[PDB]
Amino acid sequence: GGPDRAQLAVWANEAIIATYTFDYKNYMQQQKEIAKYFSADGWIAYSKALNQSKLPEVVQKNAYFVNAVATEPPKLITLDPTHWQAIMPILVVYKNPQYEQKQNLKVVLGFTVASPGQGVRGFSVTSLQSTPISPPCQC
């Protein structure tokens, strides 16, 4: 009964990773595709934050290729029958042939059942918040 935890966890990971997968060359077309994962209001907020961070300008000046990977599986919470939140730590790499830049982020993803013709595979990002964190450890 209810949604599939695996379906929600897989989508939340895909949505977070898609958002942090772009490069200086095709940036605009890639962002247009990333936008499909979001709700209209969700995108307006995210794009506002992304442009204000001036990350698009950094990516251009440094000819970067941005990629990301989860450092831990996402944590899911149900806010209402159609609204969920995923908390997932990721590693983002800003790479070019000369050098690299790495960053660990805590991504808080608010998401819901997509509205007609919108979202990706039936879900829409309502909010994406990322705060820088410490890297994880191992033994």
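All residue numbers refer to positions in the sequence shown, first residue = 1.
Higher mean CA B-factor, judged across 52-60 and 34-42 from the recorded values: 52-60.
Sort the chain's modelled residues by C-alpha temperature factor and residue 117 lands in the highest third, per the entry. Sort the modelled residues of the chain by CA B factor and residue 79 lands in the highest third. In the deposited entry, the Cα temperature factor of residue 131 sits in the top third of values across the chain's modelled residues. Annotation for residue 88: C-alpha temperature factor in the lowest third relative to the rest of the modelled chain, per the entry.
Per-chain ranking of the deposited C-alpha B factor places residue 99 in the highest third.
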